[PDB]
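# Fold and geometry: a report
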Amino acid sequence: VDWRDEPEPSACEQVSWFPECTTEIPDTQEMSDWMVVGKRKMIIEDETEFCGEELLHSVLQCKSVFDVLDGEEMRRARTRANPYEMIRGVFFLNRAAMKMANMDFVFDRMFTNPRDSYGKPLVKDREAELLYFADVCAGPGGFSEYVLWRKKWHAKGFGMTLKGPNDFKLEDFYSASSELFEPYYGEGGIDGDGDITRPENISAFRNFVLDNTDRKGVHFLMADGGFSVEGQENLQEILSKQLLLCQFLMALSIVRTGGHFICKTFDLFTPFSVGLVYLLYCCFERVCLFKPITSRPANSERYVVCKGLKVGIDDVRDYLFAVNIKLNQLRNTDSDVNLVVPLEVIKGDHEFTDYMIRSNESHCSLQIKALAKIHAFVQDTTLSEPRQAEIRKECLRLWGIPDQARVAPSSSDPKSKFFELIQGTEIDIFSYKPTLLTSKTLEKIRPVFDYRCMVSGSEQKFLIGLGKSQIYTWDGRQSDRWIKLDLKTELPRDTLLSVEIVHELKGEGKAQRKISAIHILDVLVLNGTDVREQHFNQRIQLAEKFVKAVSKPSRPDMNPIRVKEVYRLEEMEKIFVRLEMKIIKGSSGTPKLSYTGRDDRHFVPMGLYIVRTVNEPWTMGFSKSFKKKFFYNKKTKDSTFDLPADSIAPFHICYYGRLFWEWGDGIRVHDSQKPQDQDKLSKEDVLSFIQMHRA
Amino acid sequence: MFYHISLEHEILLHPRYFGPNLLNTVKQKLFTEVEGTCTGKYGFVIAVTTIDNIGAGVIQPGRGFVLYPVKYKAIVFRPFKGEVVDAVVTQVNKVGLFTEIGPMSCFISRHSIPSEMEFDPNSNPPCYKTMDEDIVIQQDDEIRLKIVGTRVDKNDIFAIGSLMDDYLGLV
RNA sequence: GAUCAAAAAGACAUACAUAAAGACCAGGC
Ligand SMILES: *P(=O)(O)OP(=O)(O)OP(=O)(O)OC[C@H]1O[C@@H](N2CN(C)c3c2nc(N)[nH]c3=O)[C@H](O)[C@@H]1O
Ligand SMILES: C[S@@+](CC[C@H](N)C(=O)[O-])C[C@H]1O[C@@H](n2cnc3c(N)ncnc32)[C@H](O)[C@@H]1O
């Protein structure tokens, strides 16, 4: 084998795609006989249906030449012989992250910036939308680190992998906020085994993923499944066949319409593996088989890459689910599922077949040259790839990856990190107390439409996230120390929030159970994205998505993070309908005022914050002729029905201008409260004032 | 139980403290040395109420320190066996709930919990809920316990309580 | 498929605790 007739190593990669599948998506009646059960075949030498016999025998022979070689001698020759080996993981936890960095460049950012069929981005970082993704068989989540690092918090990841030495090392995400990721191990959630091949893990994960994606599914799935086949490397395809099927079935289970899929595979000689690729070609707008230069040249590792999940894939999903049940029934028997599509159907698509053969034979030819090159670099130890450092620098430049070492974050103290995150904003802005709402200050809530309101359940605090459980709170006074938060919860680094701590009582009296929860009032920085200058509702839109991003529903032992329910001030009437007199554990049987949330939980309210969302000289009126709200500039006298950019109240104006209507003793806000103090504003006084000033 | 008593102390002043602010330093030295401490004789010294009298300083022979006897009024906490006090179960440990009576910790053995209060690990926040449910007995709840015994290990006192009598438990 | 560590200056690791007691004998000022 002349390996010296190889093309000069390059950072420029070419993609060949399958043609566009012109056949309809197979239905339950068409697929009804496609599942052929035969004898368990553990022979790869005669799998010539989609590759020339001479090339198949040549690549198998070139693999088996290493069976007599010391693994450390092979590994050292391979490290000298591979032009791309100096890329490694760069600053990421492993070299798998760099495969996703490479492929997300080669595929036009379709994973990190997915598009509709009109080429428009499906996720905009300024709008309330998150990039949902999934990562399966993916421990320790190197692929996930690149995606989370690339999109910061504007992404939410869902993970499933086998429990054990190869579980998710979320602690080792030095470049990404691990709080934006949620591992789920199938049946039982956090306590499951994570077996992708097992159907129950697939089902529980499937329901969980759809629920955590507004019942739409993820924008894309990544799948990097593989296990050790030490001393059986030639049988890697046949051994991994059920894992390949379960990753493809997972794509059809949780990827949204128009979504994308990427899966690791090995060899694709068997009619079983080719029939699985044919089903993906039916189910997606475009499919390709691709080996990135970050994959080692001498191994069978390649990726199937699928773009645009079609509508009507349900029958193919439910077929592959039945085939997985059949494979599980045939475990440890002399029988196996040998076909999932008939050979006559696959070979009837000549355009699919001509791509499949050409993809296999091209891969075999390159793998044979790369195996012969490693063998020569074992025999002669003076051989080296001189361009490895040049090629590395060009690949990192091309893919937009900074050339920096993996450094454990740095440990910043919460005070120094707060000064970094505020970027020279005056610290005194964080010390401002709310104006109390009283009969003397009631006029300040004019004009009513400029305001939002929310029910408070504790004193307001600042909260900083330094990563994982390194969460600290501060009470806004320059004299006060940052205090470590004693709650079982996790937050991405570079997070700065305005919060309160609210205990959520469940039930009443002796049976009552109260759980404290983090309640976000407003947001400044979300995983290194500054949002302080965005409109209060717009900042809250980013805040609401963030709570889901850091959510952990498989972990009922964790303390919840929530966003406060924000009301329009002209709709404060809707708050009092959620006030109830409940028997709290320890109140000697005396009912206490309780605000009931969106779930079956309540807290004791302390009062109501009133926050200005419109900046001076602007204010919001209501046009009686147009039946629409409008912005009015008090200085220029201009009027518009669109939001002026200079009318936006940033965080510092919202925080400084805030009022607080305290709900202590003598204040009537629910009809069961007696007696009322005449010097204190009731619900009726505040609602009457609001009604007079709506018009 | 909380008490208001008269206590004494000897303040040993390092020679640097002398000079102008001498009497003031004694009071500040006193506040720092007794507040937060605990003893078996009087228990936890919660705070110094008033300083009645400052004794004339006597040079101690052979050492720099000069000792000022000090009479002061303080608030102390000294528990007794059989007394009922309201406690919060900081830790619902399976072996027993850990209840902090003010500044003093108190352990209620599981064996001293009525048999109707089964321990429930599977509940979201762990708790010894009553078998049907009825009383969760979890974190932040207010309970009534009877101190069965006290101990003092390294100036710190801790107690053991029981829930066997009637009208004890959840509040 | 992912990953693939070298034994951290030893301080009688410290009281040099060999220094039996007990006795008689010799000498010193
Ligand atoms: P990966 O495990 O699929 O492949 P990798 O990138 O790690 O490279 P490597 O295993 O070292 O070798 C590349 C290909 O050769 C096969 N091997 C490895 N190996 C130790 C071995 C192989 N084949 C035979 N017949 N005998 C052997 O002792 C790997 O599986 C890769 O395909
Ligand atoms: C080498 S990893 C891929 C790397 C990963 N993409 C990353 O970037 O870190 C392959 C993973 O597949 C997992 N795996 C293999 N079989 C599995 C199964 N039946 N169910 C779930 N995970 C499986 C393995 O545990 C392994 O962690």
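Residues numbered from 1 in each chain as written, not as in the entry; some residues may be left out. Chains lettered and ligands numbered in written order. Part of a larger assembly, values for the part shown. Heavy atoms only, no water. Residues with missing side-chain atoms left out of burial classes, pairs and counts.

By the method listed in its record, cryo-EM, this PDB entry was determined to a resolution of 4.0 Å.

### Thoughts on the overall build of chain A
This is how the line gets drawn: A run of DSSP states H or I qualifies as a helix once it reaches four residues; a run of E qualifies as a strand once it reaches two. Both are numbered from the N-terminal end. Relative accessibility under 20% of the residue-type maximum defines a buried residue, over 50% an exposed one, and the middle range a partly exposed one, all with a 1.4 Å probe and only protein chains included. The contact rule is simple, with two residues in contact once any of their heavy atoms fall within 4.5 Å. Where accessible areas are quoted, they stem from the Shrake-Rupley method and a 1.4 Å probe; at the residue level, only the protein chains shown are allowed to cover. Under this rule, positive means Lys or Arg and negative means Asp or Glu; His and the chain ends count for nothing. Every charge is mapped to an atom, namely NZ of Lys, CZ of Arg, CG of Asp or CD of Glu.
Tallying secondary structure elements over chain A gives 16 helices and 27 strands in all. When its C-alpha atoms are laid out on the principal axes, chain A stretches across 95 × 55 × 55 Å. Counting across all 695 residues of chain A, residues that qualify as buried make up 55%. For chain A, the share of sequence-separated contacts (at least 6 apart) that also reach a separation of at least 24 residues comes to 74%. With the model as given, the accessible surface of chain A reaches about 31100 Å², and the carbon-plus-sulfur share is 50%. When the 96 positive and 101 negative side-chain charges of chain A are each reduced to one mean point, those points stand 7 Å apart.

### Concerning the state of the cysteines
Residues and elements named next belong to chain A. Cut-off, in case you're wondering: Only a pair of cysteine sulfur atoms within 2.5 Å counts as a disulfide in this structure description.
Going through the model one piece at a time under the given rule, you end up with zero disulfides over all chains. Considering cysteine sulfurs only, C306 is the nearest to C288, which forms no disulfide, with 7.7 Å between them. Its relative accessible area of 0% is what places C288 among the buried residues.

### What about the pattern of salt bridges?
Residues and elements named next belong to chain A. Stated precisely, the cut-off is as follows: Any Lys or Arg side-chain nitrogen located within 4 Å of an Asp or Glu carboxyl oxygen qualifies as a salt bridge.
Using the criterion set out here, one finds 62 salt bridges over all chains in the structure. Between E85 and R296 there is a salt bridge; the shortest N-O distance is 2.7 Å. With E85 in the loop between α2 (71–81) and α3 (95–106) and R296 in the loop between β7 (284–290) and β8 (302–309), the pair connects residues that are 211 residues apart, well separated along the chain. Accessibility expressed as a relative area gives 12% for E85, which makes it buried. A salt bridge links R198 to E200; the nearest nitrogen and oxygen atoms lie 2.8 Å apart. One salt-bridge network, in which partners are shared between bridges, spans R568, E570, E571, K574 and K629.

### Side note on the interface of chain B and chain A
Cut-off, in case you're wondering: In this count, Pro and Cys sit with the nonpolar residues alongside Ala, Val, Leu, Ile, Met, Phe, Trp and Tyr, while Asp, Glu, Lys and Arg are called charged and the others, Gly among them, polar.
Each partner contributes to the interface: chain B provides 14 residues, whereas chain A provides nine residues. A per-class count over the side of chain B that touches chain A returns six nonpolar, four polar and four charged.

### Digging into the packing of aromatic side chains
Residue and element names in this part refer to chain A. Convention followed: Two aromatic rings, drawn from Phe, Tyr or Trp (for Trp, its six-membered ring), form a pair once their centres lie within 6.5 Å of each other, and the interplanar angle then sorts them: stacked below 30 degrees, edge-to-face above 60, tilted otherwise.
Under the counting rule described, the total for this entry stands at 53 aromatic pairs over all chains. Here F107 and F290 contribute two aromatic rings whose centre-to-centre distance is 5.4 Å and whose plane-to-plane angle is 85°, an arrangement assigned as edge-to-face. Separated by 183 residues along the polypeptide, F107 in the loop between α3 and β2 (131–136) and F290 in strand β7 bring together distant segments of the chain. Of the two residues examined, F107 and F290, each falls in the buried class. Note on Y184 and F205: the rings are 5.9 Å apart at their centroids and 35° apart in plane angle, and the pair reads as tilted. Of this pair, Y184 sits in the loop between β4 (181–183) and α5 (199–211) while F205 sits in helix α5; the two residues are 21 residues apart in sequence, bridging distant segments of the chain.

### A short note on the domain arrangement of chain B
When the parts of a complex come together, some accessible area is lost, and that lost area is often taken as the interface size. All names here are of chain B. Quick note on the threshold: Domain boundaries shown here were taken from an automatic or database domain assignment. A quick way to say it: buried area is the sum, across both parts, of accessible area lost when two parts are put together, with a 1.4 Å probe. As used in this structure description, the phrase polar contact means that two N or O atoms lie within 3.5 Å; if the pair is within protein, one of them must be able to donate a hydrogen and the other to accept it, and residues adjacent in sequence are counted only when both atoms belong to side chains.
Each domain of chain B was delimited in the assignment, giving domain 1 (1–80) and domain 2 (81–171). In this assembly, eleven residues from domain 1 lie in contact with eleven residues from domain 2. Note on domain 1 versus domain 2: buried area summed over both sides is about 940 Å², and carbon and sulfur give 70% of it. Three residues stand out in domain 1 for area buried against domain 2, namely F44, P79 and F80, and they jointly supply 55% of the buried area on that side. Summed over the shared surface of domain 1 and domain 2, the number is zero salt bridges. Scanning the region where domain 1 abuts domain 2 turns up two residue pairs in polar contact. Looking at the side of domain 1 that touches domain 2, the elements that each hand over two or more residues are β2 (38–39) and β3 (43–54). A total of three residues in the side of domain 1 that touches domain 2 trace back to one element, the largest contributor, which is β3.

### Focus on the site of ligand 2
Residues and elements named next belong to chain A. Formally: Each residue is tested against the molecule or strand, and it is near if at least one of its non-hydrogen atoms lies within 4 Å.
By nearness alone, 21 residues border ligand 2, and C137, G139, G142, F143 and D224 come closest of all. Here an oxygen atom of ligand 2 sits 2.8 Å away from a polar atom, N or O, in the main chain of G139. Alone, ligand 2 offers 600 Å² of accessible surface; in the complex the protein occludes 88% of this. Looking at the shell around ligand 2 residue by residue, the classes come out as eight nonpolar, ten polar and three charged.

### Quick look at the site of ligand 1
Residues and elements named next belong to chain A. In the vicinity of ligand 1, 14 residues are found, and the nearest of them are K63, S64, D67, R78 and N299. Here a nitrogen atom of ligand 1 and a backbone polar atom of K63 are 3.2 Å apart. Separating a nitrogen atom of ligand 1 from a backbone N or O atom of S64 is a distance of 3.1 Å. Alone, ligand 1 offers 600 Å² of accessible surface; in the complex the protein occludes 77% of this. At the level of elements, α1 (53–64) and α2 are the ones that each hand at least two residues to the shell around ligand 1. Here the residues of the shell around ligand 1 sort into four nonpolar, five polar and five charged.

### Comments concerning the environment of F18 of chain A
All names here are of chain A. Checked against the element boundaries, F18 lands in the segment before β1 (36–39). Note on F18: relative accessible area 1%, which makes it buried. Sequence spacing of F18 and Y281 is 263 residues, and the spatial spacing of their C-alpha atoms is 7.9 Å. If sequence neighbours within four positions are ignored, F18 has contacts with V277, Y281, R286, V287, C288, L289, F352, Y355 and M356.

### Concerning the UniProt feature "domain: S1 motif" (unreviewed entry) in chain B
Quick reminder of the rule: UniProt positions are given in the numbering used here, feature names are shortened, and annotations may be inferred rather than shown by experiment.
The UniProt entry lists residues 80–162 of chain B under the feature "domain: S1 motif" (unreviewed entry), expressed in the numbering used here. Measuring from the first to the last C-alpha atom of residues 80–162 of chain B gives 13 Å, for a span that is 0% helix and 48% strand.

### So, unusual backbone geometry
Residue and element names in this part refer to chain A. For the peptide bond that leads from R446 to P447, omega is -10°, which places it in the cis range. By the secondary structure assignment, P447 is in the loop between β10 (435–436) and β11 (451–456). The step from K674 to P675 runs through a cis peptide bond, and the omega angle for that step is -5°. The phi torsion at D494 lies on the positive side, around 60°, for a residue other than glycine. Note that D494 resides in the loop between β14 (483–484) and β15 (495–506). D494 sits in the buried class, given a relative accessible area of 19%.

### Here we look at the UniProt feature "active site" in chain A
Residues and elements named next belong to chain A. In the numbering used here, UniProt assigns the feature "active site" to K99, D224 and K264. Spatial clustering of the annotated residues is evident: they stretch over 166 residues in sequence, but the largest pairwise C-alpha distance comes to 10.6 Å. On the secondary structure map, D224 appears in the loop between β5 (218–223) and α6 (236–254). The buried category is assigned to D224, whose relative accessible area is 13%. Those residues in contact with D224, other than ones at most four positions away along the chain, are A96, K99, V136, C137, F143, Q247, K264 and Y303. Structurally, the position occupied by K264 is in strand β6 (residues 255–265). Of the residues examined, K264 reaches a relative accessible area of 8% and is grouped as buried. The contacts of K264, once residues within four sequence positions are left out, are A223, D224, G225, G226, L244, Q247, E301, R302 and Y303.

### Overview of a nonpolar patch on the surface
Residue and element names in this part refer to chain A. What counts, and what does not: Patches were defined on residues exceeding 30% relative accessible area and lacking a salt bridge, with like-charge contacts within 9 Å and nonpolar side-chain contacts (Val, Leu, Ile, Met, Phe, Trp, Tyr) within 5 Å.
A cluster of nonpolar side chains, contributed by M42, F227 and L239, occupies part of the molecular surface with about 250 Å² of accessible area. When you line up the elements, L239 lands in helix α6. Accessibility expressed as a relative area gives 31% for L239, which makes it partly exposed.

### Considering the protein's contact with RNA strand C
All names here are of chain A. The local shell around RNA strand C holds 15 residues, among which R95, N166, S228, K264 and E301 are the closest. Sugar plus phosphate, as a fraction of atoms of RNA strand C within 4 Å of the protein: 70%. Within the contact set of RNA strand C, a base oxygen lies 3.5 Å away from a side-chain nitrogen or oxygen of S228. Within the contact set of RNA strand C, a sugar or linking oxygen lies 3.0 Å away from a side-chain nitrogen or oxygen of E301.

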